[PDB]
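Single-structure report; data block below.
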Amino acid sequence: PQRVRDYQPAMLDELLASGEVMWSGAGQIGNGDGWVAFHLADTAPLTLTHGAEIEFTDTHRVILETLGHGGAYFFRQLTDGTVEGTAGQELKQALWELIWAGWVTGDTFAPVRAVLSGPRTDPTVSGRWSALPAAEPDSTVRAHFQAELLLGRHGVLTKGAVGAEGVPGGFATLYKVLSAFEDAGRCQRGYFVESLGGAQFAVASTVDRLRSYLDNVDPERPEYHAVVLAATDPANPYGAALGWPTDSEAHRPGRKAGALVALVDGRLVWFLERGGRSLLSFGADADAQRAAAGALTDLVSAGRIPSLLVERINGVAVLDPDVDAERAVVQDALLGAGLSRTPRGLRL
Amino acid sequence: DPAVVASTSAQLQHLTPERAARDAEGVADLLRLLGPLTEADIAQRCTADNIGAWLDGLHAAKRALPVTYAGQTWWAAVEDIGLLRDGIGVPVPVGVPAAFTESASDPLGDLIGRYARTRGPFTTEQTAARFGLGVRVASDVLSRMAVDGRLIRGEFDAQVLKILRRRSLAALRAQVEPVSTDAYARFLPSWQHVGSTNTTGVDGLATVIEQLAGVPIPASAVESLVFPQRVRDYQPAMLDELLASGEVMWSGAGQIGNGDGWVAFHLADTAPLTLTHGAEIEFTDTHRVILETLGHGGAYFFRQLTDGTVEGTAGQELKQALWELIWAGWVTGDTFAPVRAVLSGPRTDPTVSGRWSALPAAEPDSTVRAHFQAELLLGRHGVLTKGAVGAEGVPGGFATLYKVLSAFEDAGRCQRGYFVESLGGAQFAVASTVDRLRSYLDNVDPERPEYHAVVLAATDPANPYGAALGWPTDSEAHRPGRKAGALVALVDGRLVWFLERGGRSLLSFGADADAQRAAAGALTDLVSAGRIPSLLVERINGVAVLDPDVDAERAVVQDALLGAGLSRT
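In order, the protein sequences belong to chains C and B.
For the first sequence, the residue numbers in the authors' numbering are 1131 to 1250, 1279 to 1506.
For the second sequence, the residue numbers in the authors' numbering are 894 to 1049, 1060 to 1250, 1279 to 1500.
As structure tokens, then:
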């Protein structure tokens, strides 16, 4: 909903059913949270990964061997004469374990919208469940497509982003294949971003676009554009290419699920951790926190994120008389943006 | 009082021309409600002549089963046969998943209780005679459950006792039976369009404001709790369309704090009547200035009031000098953007945006004002009562109002009957609505409640409590009232909860079983739609237990907050 100015969830299921995209989740988190990976249907076998390995009990084999030589099925037609009473709960728990490993795929995004809704016909398993096309075996073609895709996703492909991204053979194999590109000419092969200090292949056209945004040599007041981002969506250079600012010698943030990095004017001022309850101001500067706070407030008020009423910092969490300067600016910022103060120390 | 006993017992027993099973499935309900019955007894309850076919078809469909426990054969519903099996009766051999449980708390006693729930006066030996094991067992259960109030020694049926006591009352006086208090509190909301889907659009809101003319509502409650519930699809532009069109005209009356205030919408056709008088505060010079230029004028923007400078403390002192006049009730904005801003608090300049018009002169107190007020009051409440006149401001008190209402009754525009049970005894209303009031009447059946929760702001006129009914108990320190920003949640006529503010205490007041689930659900629906200005919080909940440990009274309250979700606890 951030990069598609108007997004009503019924806009997504319109694609999934049409047959142009494939969801194929491929990683499980806790309970009721996963790693989904939207592929395109034209070239699905390329961007897909090999199926994970699991225990493979017998009921799993029952779910397969029927989806295998067939197109797709409903939940009920997976097996015969089993009701939701006793065999259902074992069949379902066998299913949602088979999908997070990545062997079956819903024909729409309706179930996962529910498995997040928390335990409260059943909505958890509704649409048609299809066996998933086997990922293309690693070859030269897979390599070229992955390299071109990465170049399309990131602006300037670095040694960093290939690290956070999961590609076989490490950055060493890409540099071998991208050199073949640079020879043919589809890539610039210029030192574009300085601190990366490597070989950023990028593309001929992107550099012309990248050369803008270059800070003007004369002094000027900053623009203060605040853009809040989920800590693990590819439009987040930190943790992948730029690396984190080295602060809080022991306590370190990362690309954890559910965390928020709120970077304004490129530099990251804050970091939320696990939905509130931790704020990680990194070398704050006054009136920049104002912009990030405005960002967070418009976000919570638009409803994209569950409200944050729980706040702490590194160790100075709430009303410490030992109050520091760096903890002060955070407070003066959050109160000014209108965020509530001292509703309670805890929450059940 | 013997005569009315036969009639009610007839109605209880589903043994009248009305209330007679007229279909095949219709009897099964009658059978599970009245308990097992002999077929010949079913025949006189049904409207058909041949009842054997219905029963045997039901049995083949396994909806009701034959029974032969006593000499006479009877027909119990399959839901009771699994329980009746604990008695002398024998269950069916064929597998029936309805008989998953065989023994209840006490099966042989409970069937006696349901038996008495339908009958009136009865004798102990008669209970066992129709269906009973031993006479000693009969006198046991009677002295049993005496603490539970079941089977009180009414004449020889505790819930029936109250019904007959009521109905036997108002037999000497030629009056129909009064309506229950809970029924009235179920009636007053829908009598003002709350939850109704008829009312919508601009016409709907011009209908609502009609009957809510005189009352003052907190500015934060308006258009968040009181209007968006009546008008099914409320958009804050609509109320701006009325106000600008010259059709209604808000006029504040007293402020509660820095932000919120009382704002009381008048209809424009008859404003001079439902207008109160000025607040009679002390007047400095700048106030005389504002009231001068607005004196002979129709409206003026903020700037034109004090030609000169309006910026800085020279003019900013005039802003605060004006927003003092408005809350007093002398000037009103030609729209509802200012008051929409005042409640928003600080971060041109809003809060003086629209035109500011002097207010039409309040009608000098007279008979025609008394007449109009006595007319209007009957529109807001179903049945005017000596109570409601109290909580509402009336410049003559109930004493002088009651007099002109007598002229109304003698003219024939209102019936002086005794309509609601608990209340004073000289309440009355218009004739047409009494019919509507006669619905919602609790039928004399052991029926399970509907659990249709509803949530109102405490100052909302739809809240009967404190107006006519009166607060049910102040047995301890914490007292509830009609303070601003307080919510009153009520599943049926009786209220279960109360909130003092979005984060303040909560009153478990009723402590009823399983009703708190629906009430918490309704609170959740409001919070989700965004109606409540905040998300709900409760720290001082209960008696101010604060939930450090579990108490016996609160037991279900927490588990209910888990039921809705306790988005904050």
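From the three backbone atoms N, C-alpha and C, an ideal C-beta is built for every residue, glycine too.
Neighbours of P1501/C in chain B, taken as residues whose beta carbon is under 7 angstroms from its own, are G1434, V1468 in chain order.
Interface residue (Cβ-Cβ distance to chain B less than 7 angstroms): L1146/C is not classified as such.
By the C-beta density criterion, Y1008/B is buried, having at least 16 other C-beta atoms within 10 angstroms.
One finds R1499, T1500 in chain B with Cβ atoms closer than 8 angstroms to the Cβ of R1505/C, taken in chain order.
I1005/B carries a helical assignment under DSSP once its states are collapsed to helix, strand and coil. Here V1151/B is bridged, per DSSP, to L1170/B. Its Cα nearest to that of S1032/B, the residue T1017/B stands out among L1044/B, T1017/B, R1043/B, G1025/B.
Using a Cβ-Cβ cut-off of 8 angstroms, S1465/C is close to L1466 of chain B, given in chain order. For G1452/B, the CB contacts under 6 angstroms within the same chain, skipping 5 residues up- and downstream, are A1495 in chain order. The beta carbons of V1335/C and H1302/C sit about 7 angstroms from each other, so the pair counts as a contact at 8 angstroms. The region 1312 to 1322 of chain C makes no contact with the region 1235 to 1248 of chain C, as fewer than three CB pairs between them are under 8 angstroms. Scanning its chain for C-beta atoms nearer than 6 angstroms, with the 5 sequence neighbours on each side dropped, one finds around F1205/B the residues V1283, in chain order. One alpha carbon belongs to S1439/B, the other to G1473/B, and they sit about 6 angstroms apart.
With contact defined as three or more Cβ pairs closer than 8 angstroms, the region 1408 to 1423 of chain C and the region 1369 to 1377 of chain C are not in contact.
Taking one beta carbon from each stretch, the region 1152 to 1164 of chain B and the region 1225 to 1235 of chain B have 3 or more pairs nearer than 8 angstroms; the two touch.
Linking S1083/B to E1306/B through their CA atoms gives a straight-line distance of about 25 angstroms. CA-CA distance, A1293/B to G1160/B, rounds to 26 angstroms. By the Cβ test, the region 1442 to 1458 of chain B is in contact with the region 1480 to 1499 of chain B, since at least three Cβ pairs between them sit closer than 8 angstroms. C-alpha of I1193/C to C-alpha of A1061/B: approximately 59 angstroms in a straight line. Excluding sequence positions up to five before and after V1458/B, its CB lies within less than 6 angstroms of the CB of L1466, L1467, all in the same chain and listed in chain order. With 16 or more other Cβ atoms from the protein chains shown falling within 10 Å of its own Cβ, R1133/B counts as buried. In this chain, the alpha helix (DSSP H) harbouring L1307/C covers 1298 to 1311. Cα atoms of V1422/B and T1404/B: separation of roughly 18 angstroms, rounded to the nearest angstrom.
DSSP links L1477/C through a beta bridge to no other residue. CA-to-CA, the gap between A1231/B and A1393/B works out to about 26 angstroms.
Where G1236/B is concerned, the enclosing beta strand (DSSP E) starts and stops at 1234 to 1236. The beta carbon of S1099/B sits closer than 8 angstroms to the beta carbons of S1093, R1133, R1135 from its chain, once the five residues preceding and following it are set aside; these are given in chain order. Straight-line spacing of the CA atoms in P1395/B and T1316/B works out to 11 angstroms.
In this structure, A1417/C lies near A1389/C, with their beta-carbon atoms less than 7 angstroms apart. When rounded, the separation of the alpha-carbon atoms in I1045/B and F1015/B is 12 angstroms. Going by C-alpha positions, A1240/B is about 16 angstroms away from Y1203/B. In the three-state reduction of the DSSP assignment, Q1062/B falls in the helix class, which pools H, G and I. Excluding residues up to 5 positions away in sequence, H1169 lie with their Cβ nearer than 6 angstroms to the Cβ of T1177/C in the same chain. With fewer than 16 other Cβ atoms from the protein chains shown falling within 10 Å of its own Cβ, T1500/C counts as exposed. By the Cβ criterion, the region 955 to 971 of chain B is in contact with the region 925 to 944 of chain B, since at least three pairs of Cβ atoms, one from each stretch, lie closer than 8 angstroms.
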